[PDB]
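Colleague: Experimental coordinates follow, after the sequence.
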Amino acid sequence: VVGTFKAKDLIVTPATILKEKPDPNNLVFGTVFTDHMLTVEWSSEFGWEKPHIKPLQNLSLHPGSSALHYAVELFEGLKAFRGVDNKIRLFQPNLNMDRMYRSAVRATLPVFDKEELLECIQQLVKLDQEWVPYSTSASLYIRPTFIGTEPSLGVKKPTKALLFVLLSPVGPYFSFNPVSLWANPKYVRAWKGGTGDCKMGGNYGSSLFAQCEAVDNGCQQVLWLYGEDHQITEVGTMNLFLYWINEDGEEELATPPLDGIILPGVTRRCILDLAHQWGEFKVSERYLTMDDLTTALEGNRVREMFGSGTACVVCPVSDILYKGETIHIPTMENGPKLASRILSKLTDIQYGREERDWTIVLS
Amino acid sequence: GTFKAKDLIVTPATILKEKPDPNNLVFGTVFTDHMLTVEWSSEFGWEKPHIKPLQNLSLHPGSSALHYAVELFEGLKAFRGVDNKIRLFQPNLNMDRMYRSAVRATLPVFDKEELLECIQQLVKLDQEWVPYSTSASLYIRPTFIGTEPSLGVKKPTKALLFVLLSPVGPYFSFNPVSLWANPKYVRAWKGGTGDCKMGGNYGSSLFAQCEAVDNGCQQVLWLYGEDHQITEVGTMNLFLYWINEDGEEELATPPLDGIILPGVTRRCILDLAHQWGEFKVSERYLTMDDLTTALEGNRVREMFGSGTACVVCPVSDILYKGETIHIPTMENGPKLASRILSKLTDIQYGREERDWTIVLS
Ligand SMILES: Cc1ccccc1Oc1cc(-n2c(=O)cc(S(=O)(=O)c3ccccc3)[nH]c2=O)c(F)cc1C#N
Ligand SMILES: Cc1ccccc1Oc1cc(-n2c(=O)cc(S(=O)(=O)c3ccccc3)[nH]c2=O)c(F)cc1C#N
Ligand SMILES: *Cc1c(COP(=O)(O)O)cnc(C)c1O
Ligand SMILES: *Cc1c(COP(=O)(O)O)cnc(C)c1O
Ligand SMILES: [Mg+2]
């Protein structure tokens, strides 16, 4: 009956005892949580309950919950930034609401009003705003999560769900400290006709084995390969950019196209928009193979390779382990000039050093 | 290391729930009085196993089962025999598959015989839930989740293994199924986890299943590749009983090349077909074009799905490219489907002795 929850209906239960904030420079990504969380219950019978901001607490879930059996779940990732003017800003948060709604439809989780969820998120951040670090290299990570909670082993559209939001203060990185990539084509992240273009939990559970194999070989991320010609698709959890002289001898920033096996990153979209705006080199959404890359390296045609994502912004790549060899990528010996310029521009926008359509000041 | 059944801590319920009518059972909606839980940490390993009253789980909202689908499950049944002895059916094959699923999920390994003994003790305590009916059974749902309170993408350092029991009727609610065949959706890929019972394989498949039901179909016919290989009957393995291209009587099923879940029911059916030695048994690729060419030549006898929940699930129709393609399964007996169902149910309910059953602990 209640088609969507409304921020105007928020019930706020503040915590009695507030926790000590961590040192911004000693932060391990996603291990520290703020005082409060957002929860909103849904049922097929009654629709959306009123949204709650309350102290961070365990979830009480029926052990038959479809999130635990059939990965009926999705998540988002976005950040709050304390500006040089001390105003807290979100970055492109409507793109995260759009993507979460699209993910929910694909997961068969109940739809919600995107503007009402964003307002509830703003009110949660506002309450916990002293967690948004006083540092131009740290931020508050925002993790909207949406799970099936129906107490039934049936394989079907859930009749019960929980939408919740966690906040986690994070440093500039995770622990330019460049990443080594593990490339093993025996493992495939995502396929045409699959859900790799949605942020659904199921995409990541199936990717964990390759990630643990990467870390066992001293690599931080998996280079995700696709098809008989070994297309390079994603830098682990991040979109893939290659800055090089292409086959026609033109300076080019290249990234794989949104053909269904690529997560359409907010950071990816912003980087393409900046590169188009600058007009200093060719910008191509195009297929890239291991053979394209190794042929280019042998011709000294590669300048830079980096991943893009909310957590890293720009993540330079120095090495790829492939067929038993270490292939060096000369990113850090080429500046990295473009990676640095992109990171400078995005952080200038995020921390309010310049005005942008891409940021909103916290309500 | 492993938890040990000899260490079981049993907390019996003081208030029992009313048992349901065996003839009114909706699959997986009714749960018994007790559950099994076992905690693991990287720091200290496996804690002692607990049998205690069914309860909600208390999970940190950062638990990797909720964000990154760090989870797997199993499905097997307990049967009250015609002699009133409760039997499990091929449960060691479920333990083998659950162990393999755990390794692929990066969840901690455990001793398969210790888990089976703990499952036997749980069923024994809740044995009056095993229905008094030769067409009902007790569904057993071992489940294994990552519970580490961290958004890190990494091997979990905290996990919970639990087992739920659910009495179930005949079927879900021979009532043959109609299949929805749309090649725009792909269940599983080579280099993926489709050959393991990991939660992630199923969350991504729900959209197609809801589209199937909207078109009056009970299951999705999972198609793969440019040639539209027929792979799985929704949640079930796919069998085709036909005259093949060489004019030989043949039972065909897709091979285990990485996109097929290796079913216990599938294994039992191949074992029986090989034992009978009355026709060719082939693990081979089957395409929509193979099927339609065969139907036009009146070469198809039967198509059925196999799984713990259905045993043998006859297929009457496939909706494909806007046509209903009739499969003549129910006009051909279905003789093989019936023979298989008769044999497996005879073994499950102790109407004949078999190496495939264990009488309860
Ligand atoms: C109500 C009804 C009437 C007639 C035929 C089917 C019916 O319901 C369905 C049940 C299932 N279904 C489950 O609900 C659970 C399992 S399971 O728990 O045994 C299992 C889960 C995951 C993988 C393998 C088995 N396996 C299943 O097939 C399904 F997938 C689709 C439908 C539909 N429509
Ligand atoms: C410890 C360390 C040292 C140096 C570089 C990275 C390091 O940590 C890692 C972080 C991540 N990692 C996360 O843990 C979470 C997200 S996330 O929450 O932003 C995210 C998760 C899922 C999809 C998209 C983003 N994104 C990530 O890359 C990872 F996958 C692998 C490693 C490794 N090794
Ligand atoms: C989340 C994600 C990205 C990057 O998305 P952003 O919106 O830039 O944070 C890239 N690839 C994969 C696989 C992802 O899950
Ligand atoms: C579980 C499962 C089967 C059949 O497994 P059984 O062990 O026979 O119950 C078939 N296909 C898929 C996709 C499955 O998940
Ligand atoms: Mg509105």
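Modeller: Looks like it arrived, so ask away. Residues are numbered from 1 along each chain as shown, chains lettered A, B, ... in the order given. Ligands and ions are numbered 1, 2, ... in the order given.
Colleague: use CA for all of it now, contacts and neighbours both
Modeller: Will do.
Colleague: Quick check: the residue of chain A nearest ligand 1.
Modeller: Residue nearest to ligand 1 within chain A: residue A:154 (3.4 Å; CA to the nearest ligand atom).
Colleague: do stretch A:190-200 and ligand 2 meet at all?
Modeller: No: using CA under 6 Å from any ligand atom, stretch A:190-200 stays clear of ligand 2, with a minimum separation of 7.2 Å.
Colleague: What residues sit buried inside the helix or strand hosting residue A:296?
Modeller: Using DSSP states H and E, residue A:296 falls within helix A:290-298. Neighbour-count burial for helix A:290-298, counted by 16 or more other CA atoms under 10 Å in any protein chain shown, picks out A:292, A:293, A:294, A:296, A:297.
Colleague: do the same with stretch A:41-56
Modeller: Using 16+ other CA under 10 Å as the burial criterion, the residues of stretch A:41-56 that qualify are A:41-43, A:47-56.
Colleague: Between those residues, which sits nearest ligand 2?
Modeller: Proximity of these to ligand 2 (CA to the nearest ligand atom) peaks at residue A:56, which lies at 18.5 Å.
Colleague: pull the CA atoms of the helix or strand that contains residue A:166 into PDB?
Modeller: Mapping residue A:166 onto the secondary structure by DSSP H and E places it in strand A:160-170. C-alpha atoms of strand A:160-170 as PDB (Å, rounded to 0.1, in the frame of the first residue of the first chain):
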ATOM      1  CA  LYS A 160      10.100  -8.700   2.600                       C
ATOM      2  CA  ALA A 161      13.200  -6.400   2.300                       C
ATOM      3  CA  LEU A 162      15.400  -4.000   4.200                       C
ATOM      4  CA  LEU A 163      17.200  -1.000   2.800                       C
ATOM      5  CA  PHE A 164      19.900   0.400   5.100                       C
ATOM      6  CA  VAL A 165      22.800   2.900   4.900                       C
ATOM      7  CA  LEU A 166      26.200   2.600   6.700                       C
ATOM      8  CA  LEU A 167      28.800   5.400   7.000                       C
ATOM      9  CA  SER A 168      32.600   4.700   7.200                       C
ATOM     10  CA  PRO A 169      35.400   7.300   7.400                       C
ATOM     11  CA  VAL A 170      38.200   6.500   4.900                       C
END
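Colleague: What angle do helix A:290-298 and whichever helix or strand comes after it make with each other?
Modeller: Later in the chain than strand A:160-170, the nearest helix or strand by DSSP H and E is strand A:179-183. With axes from the mean of the first three to the mean of the last three CA atoms, to 10 degrees applied, the angle from strand A:179-183 to helix A:290-298 works out at 140 degrees.
Colleague: ok, strand A:179-183 near chain B or not?
Modeller: No: Strand A:179-183 stays out of contact with chain B when judged by CA under 8 Å from any CA of the partner chain, the minimum separation being 12.9 Å.
Colleague: Check what contacts that strand and list those residues.
Modeller: Under the criterion CA atoms under 8 Å, 6 or more residues apart in numbering or on different chains, residues A:214, A:217-225, A:235, A:315-323 lie in contact with strand A:179-183.
Colleague: Just list what the next helix or strand after that strand packs against, helices and strands only.
Modeller: Next along the chain after strand A:179-183, taking DSSP H and E as the criterion, comes helix A:202-205. Counting by 3 or more CA pairs under 8 Å, 6 or more residues apart in numbering or on different chains; DSSP states H and E, the packing neighbours recorded for helix A:202-205 are helix B:200-203.
Colleague: Check the offset of the helix it packs on from the chain's centre.
Modeller: Mean-position distance between helix B:200-203 and its chain equals 14 Å (CA atoms, centre = their mean, to the nearest Å).
Colleague: is it anywhere near ligand 4?
Modeller: No: using CA under 6 Å from any ligand atom, helix B:200-203 stays clear of ligand 4, with a minimum separation of 7.8 Å.
Colleague: from the stretch 51-200 of chain A, which residue is nearest to ligand 4?
Modeller: residue A:70 (10.0 Å).
Colleague: For the closest residue to residue A:250 other than its chain neighbours, list the residues it contacts.
Modeller: Closest residue to residue A:250 apart from its sequence neighbours, by CA to CA, 6 or more residues apart in numbering or on different chains: residue A:282 at 7.2 Å. By CA under 8 Å, 6+ apart, residue A:282 lies in contact with A:250, A:251, A:252, A:253.
Colleague: give me the beta-bridge partners of residue A:282?
Modeller: residue A:252 (DSSP bridges).
Colleague: what subset of the contacts of strand A:179-183 is also close to ligand 2?
Modeller: Checking the contacts of strand A:179-183 against ligand 2 (CA under 6 Å from any ligand atom), the matches are A:220, A:221.
Colleague: Any of the contacts of strand A:179-183 buried? List them.
Modeller: Judged by 16+ other CA under 10 Å, buried ones among the contacts of strand A:179-183: A:214, A:219-225, A:235, A:315-321.
Colleague: Closest to ligand 3 out of the residues you listed?
Modeller: Proximity of the buried ones among the contacts of strand A:179-183 to ligand 3 (CA to the nearest ligand atom) peaks at residue A:235, which lies at 7.5 Å.
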